[PDB]
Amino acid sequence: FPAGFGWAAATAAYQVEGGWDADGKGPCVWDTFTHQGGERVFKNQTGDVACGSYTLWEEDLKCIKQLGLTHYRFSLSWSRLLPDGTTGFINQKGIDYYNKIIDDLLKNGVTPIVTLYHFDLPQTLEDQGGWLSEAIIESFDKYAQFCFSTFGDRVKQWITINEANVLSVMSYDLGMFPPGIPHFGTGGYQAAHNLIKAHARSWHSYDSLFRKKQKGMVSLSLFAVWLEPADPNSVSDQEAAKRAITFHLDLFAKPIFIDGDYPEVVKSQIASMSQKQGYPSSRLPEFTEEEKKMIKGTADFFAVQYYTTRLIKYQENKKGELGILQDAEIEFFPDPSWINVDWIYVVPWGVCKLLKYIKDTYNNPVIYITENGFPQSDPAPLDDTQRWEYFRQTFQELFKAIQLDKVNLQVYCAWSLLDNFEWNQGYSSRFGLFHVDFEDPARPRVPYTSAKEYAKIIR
């Protein structure tokens, strides 16, 4: 912890807000998804109410204040602000609401960090192809412009798209998020393409239209699992684990932070294999030469969201097999003496290695951890000393990264002010620094030991 370092906790519109059809709000895709049932969400839970944050925002403020956060990361509800997705119909109640969060945040001396989009397309926009249609690029840019215009007089730190990588894979490649149709090996790259251009244009709208007057900074956040060779000094695995990084992280960061084009490994591997089943073209779409000039250097800081490490081994696509992006000839798993809670294997030395990697691959950028954290399964909590130790270690290696490795880290943001709707997991996993009880109509917030113990770290 150097400089005037920022400590923050993130929330996300759909995961905490409720009021899904309150005050003019248009349906978003999770509204349609969770209302459909099937066993897509744990127990068919919805975010109709979630933490009730659209109604109990001062409760959130109280927690923020109690933590003494220097910053606070939340997202804007695209369909709360623009019910049909466009500026053709503006919801003043949505505007009043985010205006209040921001104003309250500034009067308590806390700096807002605003995600424009967090896995939550307006239903209207998804009906028109979602991130599969390039029509989306213009849609997002106009929405982004609207957000800068309305909130930018006093918001100076923006994340445009939250985890576009996790988004393209879960929404369109794996079919796990809405719109929930599988598409193994085509969906993800097809979305990723549009998410890259849409982020890119949105950045250029900000640089052109608001940056002079507003003086803020803008990027997008990326999910990074840090990867290690299953067996080390076993040569194949060594390059496999590197290649799997370029596939999940650099597929987005190379174009945006460097040179404006996909990584070379990626282009060759997908193309080659697309000859495969006799696709008439690669499944990695192509950036035009014009596009590359638009996309490059289109980020004001590097923003990662870290949670875990994995071990990776080589796995030849002996008999070509569809995409799953994995069929870039990798297989992943944990080293067997790691602690877990669902998907998050507690490997805190991973962020340090991840942070020098970023410094090494992206010319020493300013970095924010815009999400880091650990969940607990329904009952475990309050005196969550197990979990808090996990946090301690993570900060310990964070210290090492700044000191020994000289990484330009300026923000640590913890994933999560509140226990909330964790997508398919529903309320069955709890990443909050503050417990929330979803059974009483109030939605009371009580600190975890972590909450109290994170306040101290904010030295």
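From 1 onward, residues are counted along the sequence shown.
The PDB entry reports B-factors from which the mean C-alpha value can be compared for 440-448 and 12-20; the larger average falls on 440-448. If you average the C-alpha B-factors over 355-363 and over 151-159, the higher value belongs to 355-363.
You'll see in the entry that, of 112, 381, 178, 185, the Cα B factor peaks at 381. Per the deposited record, 234 carries the highest C-alpha B-factor of all listed residues (79, 87, 234, 305). Ranked by C-alpha B-factor against the other modelled residues of its chain, residue 126 falls in the lowest third.
The deposited CA B-factor of residue 59 belongs to the middle third of values across its chain. Ranked against the other modelled residues of its chain, the C-alpha B-factor of residue 263 as given in the entry falls in the middle third.
Ranked within its chain, residue 276 lands in the highest third, by CA B factor from the PDB record. Residue-level temperature factors show residue 94 in the lowest third of its chain, judged at the C-alpha atom.
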